[PDB]
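Novice: What follows is run-v3.cif; its format and atoms are mmCIF, C-alpha atoms.
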data_structure
#
loop_
_atom_site.label_atom_id
_atom_site.label_comp_id
_atom_site.auth_asym_id
_atom_site.auth_seq_id
_atom_site.Cartn_x
_atom_site.Cartn_y
_atom_site.Cartn_z
CA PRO P 11 -6.84 0.59 -21.22
CA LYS P 12 -8.32 -2.96 -20.71
CA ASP P 13 -7.64 -3.63 -24.45
CA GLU P 14 -3.95 -2.68 -23.79
CA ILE P 15 -3.84 -4.92 -20.66
CA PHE P 16 -5.10 -7.99 -22.62
CA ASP P 17 -3.09 -7.13 -25.80
CA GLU P 18 0.08 -7.22 -23.61
CA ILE P 19 -0.91 -10.59 -21.98
CA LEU P 20 -1.73 -12.13 -25.44
CA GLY P 21 1.72 -11.68 -27.07
CA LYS P 22 2.16 -11.25 -30.86
CA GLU P 23 2.70 -15.12 -31.01
CA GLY P 24 0.70 -18.14 -29.65
CA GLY P 25 3.82 -19.80 -28.04
CA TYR P 26 2.11 -23.28 -28.13
CA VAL P 27 3.88 -25.41 -25.44
CA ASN P 28 2.62 -28.97 -24.72
CA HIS P 29 2.74 -29.55 -20.91
CA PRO P 30 1.37 -32.77 -19.33
CA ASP P 31 -2.45 -33.43 -19.71
CA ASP P 32 -2.46 -33.12 -15.84
CA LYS P 33 0.12 -30.29 -15.24
CA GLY P 34 -1.64 -27.47 -17.22
CA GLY P 35 -1.99 -29.44 -20.51
CA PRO P 36 -1.03 -27.88 -23.90
CA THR P 37 -1.00 -24.00 -23.61
CA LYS P 38 -1.36 -21.36 -26.37
CA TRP P 39 -1.91 -17.57 -26.03
CA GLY P 40 -1.46 -18.14 -22.25
CA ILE P 41 -4.62 -20.37 -22.26
CA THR P 42 -4.30 -23.93 -20.84
CA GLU P 43 -6.35 -26.74 -22.51
CA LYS P 44 -8.34 -27.05 -19.23
CA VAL P 45 -9.29 -23.31 -19.25
CA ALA P 46 -10.04 -23.41 -23.03
CA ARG P 47 -12.26 -26.53 -22.65
CA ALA P 48 -14.05 -24.97 -19.64
CA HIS P 49 -14.92 -22.06 -22.04
CA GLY P 50 -16.29 -24.41 -24.73
CA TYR P 51 -13.19 -24.81 -26.97
CA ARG P 52 -13.21 -28.38 -28.47
CA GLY P 53 -10.40 -28.11 -31.16
CA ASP P 54 -6.66 -28.94 -30.79
CA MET P 55 -4.89 -26.28 -28.64
CA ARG P 56 -2.31 -25.93 -31.50
CA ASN P 57 -5.16 -24.28 -33.52
CA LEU P 58 -6.63 -21.98 -30.78
CA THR P 59 -6.92 -18.46 -32.33
CA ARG P 60 -5.98 -15.19 -30.58
CA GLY P 61 -9.68 -14.14 -30.89
CA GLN P 62 -11.17 -17.00 -28.79
CA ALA P 63 -8.24 -16.52 -26.33
CA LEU P 64 -9.15 -12.82 -26.01
CA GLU P 65 -12.85 -13.84 -25.48
CA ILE P 66 -11.68 -16.16 -22.61
CA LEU P 67 -9.57 -13.30 -21.08
CA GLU P 68 -12.36 -10.67 -21.45
CA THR P 69 -14.80 -13.20 -19.87
CA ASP P 70 -12.59 -14.16 -16.87
CA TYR P 71 -11.01 -10.69 -16.16
CA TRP P 72 -13.48 -8.04 -17.44
CA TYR P 73 -17.13 -9.17 -18.06
CA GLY P 74 -17.37 -12.08 -15.54
CA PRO P 75 -16.24 -9.87 -12.60
CA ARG P 76 -18.43 -6.97 -13.97
CA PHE P 77 -15.47 -4.52 -14.24
CA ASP P 78 -17.28 -3.23 -17.39
CA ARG P 79 -20.06 -1.85 -15.10
CA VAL P 80 -17.41 -0.34 -12.75
CA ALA P 81 -15.99 1.32 -15.95
CA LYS P 82 -19.43 2.96 -16.48
CA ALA P 83 -18.86 4.83 -13.13
CA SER P 84 -15.02 5.12 -13.33
CA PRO P 85 -12.94 3.91 -16.30
CA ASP P 86 -9.74 4.48 -14.20
CA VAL P 87 -10.99 2.36 -11.18
CA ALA P 88 -12.14 -0.46 -13.53
CA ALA P 89 -8.74 -0.46 -15.32
CA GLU P 90 -6.91 -0.78 -11.97
CA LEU P 91 -9.29 -3.64 -10.87
CA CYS P 92 -8.74 -5.39 -14.20
CA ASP P 93 -4.90 -5.16 -13.99
CA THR P 94 -5.08 -6.31 -10.30
CA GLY P 95 -7.43 -9.19 -11.18
CA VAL P 96 -5.16 -10.61 -13.97
CA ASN P 97 -2.18 -10.75 -11.46
CA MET P 98 -3.91 -11.63 -8.12
CA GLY P 99 -7.49 -12.80 -9.02
CA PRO P 100 -10.63 -10.71 -9.82
CA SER P 101 -12.24 -11.44 -6.39
CA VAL P 102 -9.08 -10.17 -4.55
CA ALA P 103 -9.35 -7.01 -6.67
CA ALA P 104 -13.12 -6.68 -6.00
CA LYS P 105 -12.57 -7.09 -2.21
CA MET P 106 -9.99 -4.22 -2.23
CA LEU P 107 -12.59 -1.88 -3.75
CA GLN P 108 -15.21 -2.99 -1.20
CA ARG P 109 -12.82 -2.51 1.73
CA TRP P 110 -11.96 1.09 0.65
CA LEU P 111 -15.59 2.05 -0.10
CA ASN P 112 -16.54 0.87 3.43
CA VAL P 113 -13.82 2.93 5.18
CA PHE P 114 -14.61 6.07 3.03
CA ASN P 115 -18.44 6.02 3.62
CA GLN P 116 -18.09 8.34 6.76
CA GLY P 117 -19.35 5.83 9.40
CA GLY P 118 -22.19 4.82 7.05
CA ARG P 119 -23.42 8.38 6.29
CA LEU P 120 -22.97 8.00 2.46
CA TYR P 121 -24.17 4.37 2.30
CA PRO P 122 -24.14 1.42 4.73
CA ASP P 123 -21.06 -0.89 4.89
CA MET P 124 -21.22 -3.59 2.17
CA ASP P 125 -20.13 -7.23 2.34
CA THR P 126 -16.46 -7.61 1.31
CA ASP P 127 -17.56 -10.74 -0.63
CA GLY P 128 -15.32 -9.92 -3.63
CA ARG P 129 -18.33 -9.79 -6.01
CA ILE P 130 -19.31 -6.58 -7.83
CA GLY P 131 -23.08 -6.48 -7.14
CA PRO P 132 -25.74 -3.74 -7.43
CA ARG P 133 -24.90 -2.50 -3.85
CA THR P 134 -21.13 -2.22 -4.73
CA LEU P 135 -21.97 -0.28 -7.94
CA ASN P 136 -24.45 1.98 -6.08
CA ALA P 137 -21.86 2.67 -3.30
CA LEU P 138 -19.20 3.55 -5.95
CA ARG P 139 -21.63 6.02 -7.70
CA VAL P 140 -22.66 7.70 -4.40
CA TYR P 141 -19.00 7.92 -3.34
CA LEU P 142 -18.04 9.50 -6.74
CA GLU P 143 -21.11 11.89 -6.61
CA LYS P 144 -20.34 13.14 -3.02
CA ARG P 145 -16.51 13.35 -3.24
CA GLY P 146 -16.24 14.23 -6.96
CA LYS P 147 -13.03 13.88 -9.00
CA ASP P 148 -10.89 14.38 -5.81
CA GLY P 149 -12.77 11.33 -4.44
CA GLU P 150 -11.89 9.31 -7.57
CA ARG P 151 -8.20 10.34 -7.30
CA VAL P 152 -8.11 9.36 -3.53
CA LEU P 153 -9.72 5.99 -4.33
CA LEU P 154 -7.09 5.26 -7.05
CA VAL P 155 -4.17 6.04 -4.73
CA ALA P 156 -5.79 3.86 -2.01
CA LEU P 157 -6.24 0.94 -4.48
CA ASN P 158 -2.54 1.33 -5.54
CA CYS P 159 -1.48 1.07 -1.85
CA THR P 160 -3.42 -2.26 -1.36
CA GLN P 161 -2.08 -3.58 -4.75
CA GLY P 162 1.56 -2.76 -3.76
CA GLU P 163 1.32 -4.38 -0.28
CA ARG P 164 -0.15 -7.56 -1.96
CA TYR P 165 2.80 -7.55 -4.48
CA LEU P 166 5.12 -7.30 -1.47
CA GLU P 167 3.54 -10.35 0.20
CA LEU P 168 3.48 -12.26 -3.16
CA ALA P 169 7.21 -11.43 -3.66
CA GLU P 170 7.97 -12.66 -0.09
CA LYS P 171 6.31 -16.06 -0.95
CA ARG P 172 8.12 -16.18 -4.38
CA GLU P 173 4.77 -15.91 -6.37
CA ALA P 174 6.07 -12.64 -7.96
CA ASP P 175 9.55 -11.65 -9.30
CA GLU P 176 11.54 -8.90 -7.49
CA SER P 177 12.08 -7.24 -10.90
CA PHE P 178 8.31 -7.24 -11.53
CA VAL P 179 7.55 -5.37 -8.21
CA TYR P 180 10.47 -2.93 -8.65
CA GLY P 181 9.14 -2.15 -12.20
CA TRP P 182 5.49 -1.77 -10.98
CA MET P 183 6.60 0.79 -8.27
CA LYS P 184 8.86 2.59 -10.81
CA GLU P 185 5.73 3.04 -13.09
CA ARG P 186 3.95 4.76 -10.13
CA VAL P 187 6.66 7.42 -9.26
CA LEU P 188 6.18 11.24 -9.89
CA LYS E 10 7.23 16.31 5.54
CA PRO E 11 10.67 17.23 7.09
CA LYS E 12 11.30 16.10 10.73
CA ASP E 13 11.25 19.61 12.34
CA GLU E 14 7.84 20.32 10.70
CA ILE E 15 6.49 16.90 11.83
CA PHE E 16 7.41 17.69 15.51
CA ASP E 17 6.53 21.44 15.24
CA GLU E 18 3.02 20.39 14.09
CA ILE E 19 2.62 17.84 16.97
CA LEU E 20 3.85 20.42 19.58
CA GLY E 21 1.42 23.33 19.05
CA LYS E 22 2.06 26.96 20.09
CA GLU E 23 0.38 26.13 23.51
CA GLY E 24 1.12 23.40 26.13
CA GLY E 25 -2.51 22.85 27.21
CA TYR E 26 -1.95 21.00 30.54
CA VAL E 27 -5.06 18.77 30.79
CA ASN E 28 -5.18 16.75 34.05
CA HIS E 29 -6.45 13.27 33.09
CA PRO E 30 -6.85 11.05 36.17
CA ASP E 31 -3.80 8.84 35.22
CA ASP E 32 -6.14 6.15 33.65
CA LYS E 33 -6.74 8.18 30.41
CA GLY E 34 -3.04 9.25 30.83
CA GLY E 35 -2.57 12.86 32.14
CA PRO E 36 -1.46 15.18 33.66
CA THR E 37 -0.48 15.88 29.96
CA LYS E 38 1.24 18.97 28.46
CA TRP E 39 2.60 19.46 24.88
CA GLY E 40 1.07 16.02 24.12
CA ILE E 41 3.50 14.52 26.73
CA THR E 42 2.06 12.40 29.60
CA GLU E 43 3.69 12.67 33.07
CA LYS E 44 4.59 8.96 32.61
CA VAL E 45 6.62 9.66 29.42
CA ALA E 46 8.19 12.89 30.86
CA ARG E 47 9.39 11.14 34.07
CA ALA E 48 10.57 8.11 32.00
CA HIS E 49 12.82 10.73 30.21
CA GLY E 50 14.16 12.08 33.55
CA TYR E 51 11.96 15.24 33.83
CA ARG E 52 11.33 15.80 37.62
CA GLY E 53 9.54 19.24 37.63
CA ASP E 54 5.72 19.72 37.76
CA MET E 55 3.92 18.61 34.51
CA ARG E 56 2.30 22.12 34.53
CA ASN E 57 5.84 23.57 33.98
CA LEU E 58 7.07 21.22 31.19
CA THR E 59 8.84 23.46 28.63
CA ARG E 60 8.22 23.11 24.83
CA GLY E 61 11.96 22.42 24.53
CA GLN E 62 11.93 19.49 27.01
CA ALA E 63 8.87 18.20 25.08
CA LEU E 64 10.66 18.50 21.70
CA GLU E 65 13.69 16.68 23.23
CA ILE E 66 11.31 13.85 24.33
CA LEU E 67 9.69 13.63 20.82
CA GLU E 68 13.10 13.75 19.04
CA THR E 69 14.27 11.00 21.47
CA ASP E 70 11.32 8.60 20.96
CA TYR E 71 10.54 9.21 17.22
CA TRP E 72 13.89 10.17 15.57
CA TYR E 73 17.15 9.23 17.55
CA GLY E 74 15.86 6.11 19.41
CA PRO E 75 14.63 4.41 16.17
CA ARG E 76 17.88 5.56 14.41
CA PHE E 77 15.94 7.53 11.73
CA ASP E 78 18.74 10.21 12.08
CA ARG E 79 21.24 7.59 10.79
CA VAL E 80 18.77 6.62 7.97
CA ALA E 81 18.70 10.42 7.10
CA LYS E 82 22.45 10.37 6.45
CA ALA E 83 21.64 7.90 3.55
CA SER E 84 18.24 9.41 2.54
CA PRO E 85 16.65 12.47 4.19
CA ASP E 86 13.33 11.66 2.37
CA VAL E 87 13.17 7.97 3.56
CA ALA E 88 14.01 9.08 7.14
CA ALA E 89 11.23 11.72 7.06
CA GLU E 90 8.69 9.08 5.84
CA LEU E 91 9.74 6.64 8.59
CA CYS E 92 9.51 9.42 11.18
CA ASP E 93 5.96 10.42 10.05
CA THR E 94 4.89 6.71 10.01
CA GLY E 95 6.50 6.08 13.40
CA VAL E 96 4.66 8.97 15.19
CA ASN E 97 1.24 7.55 13.90
CA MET E 98 1.85 3.72 14.08
CA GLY E 99 5.05 3.12 16.12
CA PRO E 100 8.66 3.56 14.88
CA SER E 101 9.30 -0.24 14.83
CA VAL E 102 6.23 -0.68 12.55
CA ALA E 103 7.84 1.85 10.21
CA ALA E 104 11.34 0.27 10.48
CA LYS E 105 9.91 -3.22 9.68
CA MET E 106 8.32 -1.91 6.45
CA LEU E 107 11.75 -0.61 5.33
CA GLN E 108 13.33 -4.03 6.08
CA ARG E 109 10.65 -5.91 4.11
CA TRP E 110 11.18 -3.66 1.01
CA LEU E 111 15.01 -3.75 1.19
CA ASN E 112 14.79 -7.59 1.31
CA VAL E 113 12.48 -7.78 -1.76
CA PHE E 114 14.73 -5.31 -3.72
CA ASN E 115 18.07 -7.07 -2.97
CA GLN E 116 17.74 -9.15 -6.26
CA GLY E 117 17.56 -12.65 -4.66
CA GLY E 118 20.39 -11.65 -2.27
CA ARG E 119 22.76 -10.30 -4.98
CA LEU E 120 23.08 -6.76 -3.38
CA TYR E 121 23.09 -8.05 0.26
CA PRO E 122 21.61 -11.05 2.15
CA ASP E 123 18.00 -10.87 3.52
CA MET E 124 17.96 -9.05 6.92
CA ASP E 125 15.80 -9.81 9.96
CA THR E 126 12.47 -7.95 9.67
CA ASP E 127 12.56 -7.32 13.46
CA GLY E 128 11.59 -3.60 13.19
CA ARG E 129 14.91 -2.43 14.73
CA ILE E 130 17.26 -0.34 12.56
CA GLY E 131 20.76 -1.83 13.01
CA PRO E 132 24.11 -1.48 11.23
CA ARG E 133 23.08 -4.22 8.68
CA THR E 134 19.77 -2.36 7.85
CA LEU E 135 21.73 0.92 7.28
CA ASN E 136 24.41 -0.95 5.24
CA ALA E 137 21.63 -2.56 3.06
CA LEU E 138 20.02 0.92 2.55
CA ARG E 139 23.42 2.40 1.39
CA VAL E 140 24.13 -0.51 -1.04
CA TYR E 141 20.56 -0.30 -2.43
CA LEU E 142 20.90 3.50 -2.94
CA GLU E 143 24.39 3.10 -4.55
CA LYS E 144 23.16 0.34 -7.00
CA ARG E 145 19.76 1.87 -7.97
CA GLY E 146 20.61 5.57 -7.57
CA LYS E 147 18.08 8.40 -7.12
CA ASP E 148 15.48 6.30 -9.05
CA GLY E 149 16.05 3.73 -6.27
CA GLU E 150 15.16 6.26 -3.54
CA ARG E 151 11.97 7.39 -5.40
CA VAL E 152 10.86 3.71 -5.90
CA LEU E 153 11.53 2.85 -2.23
CA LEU E 154 9.41 5.89 -1.12
CA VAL E 155 6.44 4.76 -3.32
CA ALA E 156 6.73 1.22 -1.88
CA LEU E 157 6.87 2.56 1.71
CA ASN E 158 3.70 4.63 0.97
CA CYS E 159 1.89 1.45 -0.23
CA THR E 160 2.66 -0.43 3.08
CA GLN E 161 1.66 2.71 5.07
CA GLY E 162 -1.69 3.12 3.21
CA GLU E 163 -2.65 -0.60 3.63
CA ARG E 164 -1.75 -0.49 7.39
CA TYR E 165 -3.98 2.65 7.71
CA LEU E 166 -6.77 0.61 6.06
CA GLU E 167 -6.37 -2.22 8.63
CA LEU E 168 -6.24 0.31 11.50
CA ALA E 169 -9.42 2.08 10.27
CA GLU E 170 -11.23 -1.31 9.92
CA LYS E 171 -10.45 -2.10 13.62
CA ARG E 172 -11.53 1.53 14.49
CA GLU E 173 -7.85 2.29 15.57
CA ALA E 174 -7.70 5.23 13.06
CA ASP E 175 -10.39 7.82 12.03
CA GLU E 176 -11.85 7.43 8.47
CA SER E 177 -11.27 11.21 8.07
CA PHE E 178 -7.54 10.75 8.90
CA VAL E 179 -7.09 7.96 6.24
CA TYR E 180 -9.03 9.89 3.56
CA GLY E 181 -6.97 13.02 4.53
CA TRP E 182 -3.70 11.03 4.44
CA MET E 183 -4.53 9.67 0.91
CA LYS E 184 -5.71 13.11 -0.33
CA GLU E 185 -2.37 14.82 0.67
CA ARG E 186 -0.56 12.14 -1.45
CA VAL E 187 -2.92 12.61 -4.48
#
I need this file expressed as structure tokens, please.
Specialist:
Amino acid sequence: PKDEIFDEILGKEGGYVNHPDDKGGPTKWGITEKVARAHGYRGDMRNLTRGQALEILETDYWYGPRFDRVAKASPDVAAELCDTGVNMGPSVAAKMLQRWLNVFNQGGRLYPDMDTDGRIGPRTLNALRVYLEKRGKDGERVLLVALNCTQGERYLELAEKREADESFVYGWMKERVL
Amino acid sequence: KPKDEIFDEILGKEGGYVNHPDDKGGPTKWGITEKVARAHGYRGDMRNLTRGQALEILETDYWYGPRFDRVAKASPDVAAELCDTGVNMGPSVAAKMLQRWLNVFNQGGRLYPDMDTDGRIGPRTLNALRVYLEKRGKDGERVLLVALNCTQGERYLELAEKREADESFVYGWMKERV
């Protein structure tokens, strides 16, 4: 599901565009020179390969945030976090999970409230496993709907500020109907 | 989900006059406080409030007053969602969510200009709903209901975080939408 997410971001073609050294720099495979260099790329951006671009994406939006560990407990939750993180930021996505796990812990019966720090840590992963163990697959389904509600309200607010296209948010809701 | 079932579930089969000492509301029957009953022109004893007077008061505050009945002429399903939201959070909270979504989905003002997100359903809000439903069709209505559910779910999160909503309610509310 993550592979599909990144394979859709990395189009069939590099699309090398040379923006100002300051304003983004040269970009290929959606990677700016600045981001590439910060991930140890030293070549010309005209010769950046899809593979190293995918490594940068998997690092920033899957492994760095530790969505791969979430996937160990719930492939579906991790996929939603990953898709959320590429559009809004991985820490925004991680905070949504933490917020929901705190409200659904039954006044701290299942586990104590965690920090909503937006980092997937051992306490976040333990809370997710206890939640999934106590509430079972119905729990997992409830959590996914809840995450979708916080994603959609953030797309609303992004669209109000013009950081997201109307068509994009209409299409995202359309994908979630019956 | 329909309006009659929403009110028929709030009004039980039994009045249950409980005489709170004014502070914690009460005298209350059929979920109606004396304060609300008298503010609706009921002058009898609160012990003798009829179910029918109580239904008239609910219909007044949570269906006609907010103009959800006029919404229902355009979309029975959107009106029923607003009515359910309004009884839990306030009808103007519900009405404002509709205005925000109709503004994002107006295609940069192509279908109709941005309306005031004042939380009051006026002739321009109902005109915008009818144009939206005529341009985007039944798929439009389904999309708008998903979007309204996202803003509802995220407001329940906020309410639960402030302790203004029971965790059980919000889990229950997600589960019924699984």
Novice: At a cut-off of 12 Å, using all atoms listed in the file, what residues contact residue 136 in chain E? Leave out same-chain residues fewer than 3 positions from it and give the result as a PyMOL selection string.
Specialist: chain E and resi 79-80+82-83+108+111+120-124+130-133+139-143
Novice: For residue 71 in chain E, list every protein, DNA or RNA residue within 7 Å, evaluated using all atoms listed in the file, and leave out those in the same chain fewer than 6 positions away; present the list as an mmCIF file with C-alpha atoms, in the coordinates of the input.
Specialist:
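selection-v4.cif written:
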data_model
loop_
_atom_site.group_PDB
_atom_site.id
_atom_site.type_symbol
_atom_site.label_atom_id
_atom_site.label_comp_id
_atom_site.auth_asym_id
_atom_site.auth_seq_id
_atom_site.Cartn_x
_atom_site.Cartn_y
_atom_site.Cartn_z
ATOM 1 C CA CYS E 92 9.510 9.420 11.180
ATOM 2 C CA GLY E 95 6.500 6.080 13.400
ATOM 3 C CA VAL E 96 4.660 8.970 15.190
ATOM 4 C CA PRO E 100 8.660 3.560 14.880
#
Novice: Name the residues that the PyMOL selection byres ((chain E) within 8 of (chain P)) picks from the file above, as a list in words, using the file's chain letters and numbers.
Specialist: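 Answer for the PyMOL selection byres ((chain E) within 8 of (chain P)): residues 109, 110, 113, 114, 116, 117, 148, 151, 152, 155, 156, 158, 159, 160, 161, 162, 163, 166, 169, 170, 176, 177, 180, 183, 184, 186 and 187 of chain E.
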Novice: May I ask which of the residues P:120, P:105, P:76, P:146 is the closest one to residue 132 in chain P, counting only C-alpha atoms?
Specialist: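 Result for the nearest residue to residue 132 in chain P: P:76.
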Novice: Give me, as a Markdown table, the closest atom pair and its distance (Å, one decimal) for every residue of range 50-107 of chain P within a cut-off of 8 Å of range 24-38 of chain P, counting all atoms listed in the file, rows sorted by chain and rising number.
Specialist:
| residue | atom | partner | partner_atom | distance |
| --- | --- | --- | --- | --- |
| P:55 | CA | P:36 | CA | 6.3 |
| P:56 | CA | P:26 | CA | 6.2 |
| P:58 | CA | P:38 | CA | 6.9 |
| P:60 | CA | P:24 | CA | 7.4 |
Novice: Excluding residue 64 in chain P and its own-chain neighbours fewer than 6 positions away, which residues fall within 12 Å of it when counting all atoms listed in the file? Please give them as a VMD selection string.
Specialist: chain P and resid 12 to 21 24 38 to 41 46 49 58 70 to 73
Novice: I'd like to see the residues matched by the PyMOL selection byres ((chain E and resi 65) around 12) on this file, and ideally I'd get them as a list in words.
Specialist: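 With the shown file as input, the PyMOL selection byres ((chain E and resi 65) around 12) matches residues 13, 16, 17, 20, 39, 41, 45, 46, 49, 50, 51, 58, 59, 60, 61, 62, 63, 64, 66, 67, 68, 69, 70, 71, 72, 73 and 74 of chain E.
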Novice: For the structure shown, which residues end up in the PyMOL selection byres ((chain P and resi 104) around 9)? Put them as a ChimeraX atom specification, please?
Specialist: /P:75,77,91,95,99-103,105-109,126-130
Novice: Between CA of residue 15 in chain E and CA of residue 181 in chain E, what is the distance, to one decimal in Å?
Specialist: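 Between CA of residue 15 in chain E and CA of residue 181 in chain E the gap works out to 15.8 Å.
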Novice: Report the distance between CA of residue 175 in chain E and CA of residue 43 in chain E in Å, rounded to one decimal place.
Specialist: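 Separation of CA of residue 175 in chain E and CA of residue 43 in chain E: 25.8 Å.
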Novice: I'd like the neighbourhood of range 25-31 of chain E as a ChimeraX atom specification, where a residue qualifies if any of its atoms comes within 8 Å (using all atoms listed in the file), though same-chain residues fewer than 5 positions away should be ignored.
Specialist: /E:36-39,55-56
Novice: Could you tell me how far CA of residue 149 in chain E lies from CA of residue 179 in chain E, in Å and to one decimal?
Specialist: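 Between CA of residue 149 in chain E and CA of residue 179 in chain E the gap works out to 26.6 Å.
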Novice: Using all atoms of range 75-87 of chain E that appear in the file, construct an axis-aligned enclosing box with 6 Å of padding on every side and provide its centre coordinates and edge lengths in Å, rounded to one decimal, as lines of an AutoDock Vina configuration file.
Specialist:
center_x = 17.8
center_y = 8.4
center_z = 9.3
size_x = 21.3
size_y = 20.1
size_z = 25.8
